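Chain by chain, the residues:
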Amino acid sequence: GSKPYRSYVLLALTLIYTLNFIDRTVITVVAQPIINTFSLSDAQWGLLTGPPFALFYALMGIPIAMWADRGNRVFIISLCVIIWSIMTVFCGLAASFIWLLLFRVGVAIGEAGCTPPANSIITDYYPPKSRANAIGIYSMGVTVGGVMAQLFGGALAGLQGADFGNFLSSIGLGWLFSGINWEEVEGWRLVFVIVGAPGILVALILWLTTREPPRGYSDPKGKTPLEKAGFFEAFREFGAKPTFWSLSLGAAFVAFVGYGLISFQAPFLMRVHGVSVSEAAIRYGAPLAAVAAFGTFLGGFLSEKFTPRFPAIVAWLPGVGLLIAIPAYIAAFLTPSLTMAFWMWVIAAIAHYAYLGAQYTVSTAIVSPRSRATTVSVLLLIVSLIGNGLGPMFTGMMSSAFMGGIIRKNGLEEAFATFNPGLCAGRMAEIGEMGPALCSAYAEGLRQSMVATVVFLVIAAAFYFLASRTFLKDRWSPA
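As recorded in the PDB header, X-ray crystallography is the method behind this entry, and the stated resolution is 3.200 Å.

Below you can see the structure in the form of structure tokens.
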């Protein structure tokens, strides 16, 4: 490609990836409102924010990959942008929670067709002198995507549907004004619609302003490997090594905790501290997500600070920094002062994602570079699968379980057989003799579930240490 033109192509791909993660994580913002509207158990909210992305790499990742290395390299991104933005707005207008679940699966279907083609495009668009910092810029999409999803969700939540209707009517899109009443539409429907909708426009803009690179605009002298570089074989080279399995296990459990936590984050701060969706997702969710990214990068940086030689670094021997994350999290959860909560949480996130990025760096250091590629792929697959799939599922089913127990220990089942969530928020009076009891249970069950999930950081530390042992033999030396 050219130079200002390929710079533009890079801006467009980084923006696509930003939007990918905006549409991917905004759902954690409108958690509680979605629950109020569809009257869901936290176990269901977990079933919705976790195992749907089972499909993300379960099918699409593998066929998208196959289909992206083969051909049609720009059309694929723009098609998938259309796909996951359409699926998003469809979430904004879902009858049953089953339709929400399928629309989320479809969003994942679409989003799995972003990175393989975007990578191929940056590669064959950029010369090896600077391809590196290019891929780095593109990667920055995740961080910006998360923090911006939190901000835009907070902004668009708590937005009267009548405001949106009157706006659309004020611009001449009256095909929807009389079509349906806007005072009965909930703000998360608007979040979804406004976040997904411009994706179609952006996929068009991509299809139009982006030439496909000729490919192989790569490096010149490279003798034939004859052995198909790294493919299946790299797996057994890293599958021999048990440090690989133990680090991918510990990393997947770090992620299991982090994912469950974000999945019920806004619900927590709302139920306990009574904060608007806006506050919960703006004053806290976005700074927290930034701090999470920073803790990750800091962890990789403290690896790069001493992974030149000494590895799996820690105080001495085990990674107790995870263990240290544990009580600060628990403190955030067991506090009456919200300031306190925020700050404690900040601290522990810094530690928590530290040990994630750390593990990430350490992975690269166990295998030959001819295989480090597919090694980091397989590790991120393990981590997304286990973490995403099972983290919220545990956090939510525990929230139900621990609410359950409370009900049982106060035999409240007669009052609960008519319990919905939404009434608890602001409509306190018009519930019953056992109204406040039932809201207090809805909150404390989730509280106990959060405090329960962090204890998986014990499993995480256990795996980290477990690998810090077998590491030395597993290490890859040039000698």
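Picking up where we left off.
Trainee: Would you take a moment to explain the nonpolar core for this structure?
Mentor: The nonpolar side chains of soluble globular proteins are, as a tendency, buried together. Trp45, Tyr329, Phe333, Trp345, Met450 and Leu457 are the most contacted members of the largest nonpolar core, which totals 96 residues. Examining the composition of this core, we find that 12 residues originate from one element, helix α18 (residues 338–364), more than from any other. Not counting the four nearest positions on each side in its chain, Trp45 is found in contact with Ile27, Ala31, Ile34, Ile35, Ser263 and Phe264. Of all hydrophobic cores here, the second largest spans 22 residues; its members include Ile77, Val81, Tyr138 and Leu206.

Trainee: Sorry if this is basic, but what is going on with the state of the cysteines here?
Mentor: Disulfide: a covalent bond formed between the sulfur atoms of two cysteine residues. Under the criterion given, the structure shown has one disulfide. One disulfide in the model links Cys424 with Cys439; its S-S distance is 2.0 Å. Of note, the bridge from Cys424 to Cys439 carries an S-S torsion of about -105 degrees and is left-handed in sense. Residue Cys424 is located in the loop between α20 (413–416) and α21 (435–454), and its partner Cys439 is located in helix α21; the two are separated by 15 residues in the primary sequence. The pair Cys424 / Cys439 is uniform in exposure class, with both members buried. The thiol of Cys80 is not disulfide-bonded; the next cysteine sulfur, from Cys114, is found 8.3 Å away. You can call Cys114 buried: its relative accessible area is 1%.

Reading the values: the criteria
Residues numbered from 1 in each chain as written, not as in the entry; some residues may be left out. Heavy atoms only, no water. Core = buried A, V, L, I, M, F, W, Y, C linked by side-chain atoms within 4.5 Å. Buried < 20%, exposed > 50% of the residue type's maximum accessible area, 1.4 Å probe, protein only. Helix = DSSP H or I, 4+ residues; strand = E, 2+ residues; numbered from the N terminus. Contact = heavy atoms within 4.5 Å. Disulfide = S-S within 2.5 Å.

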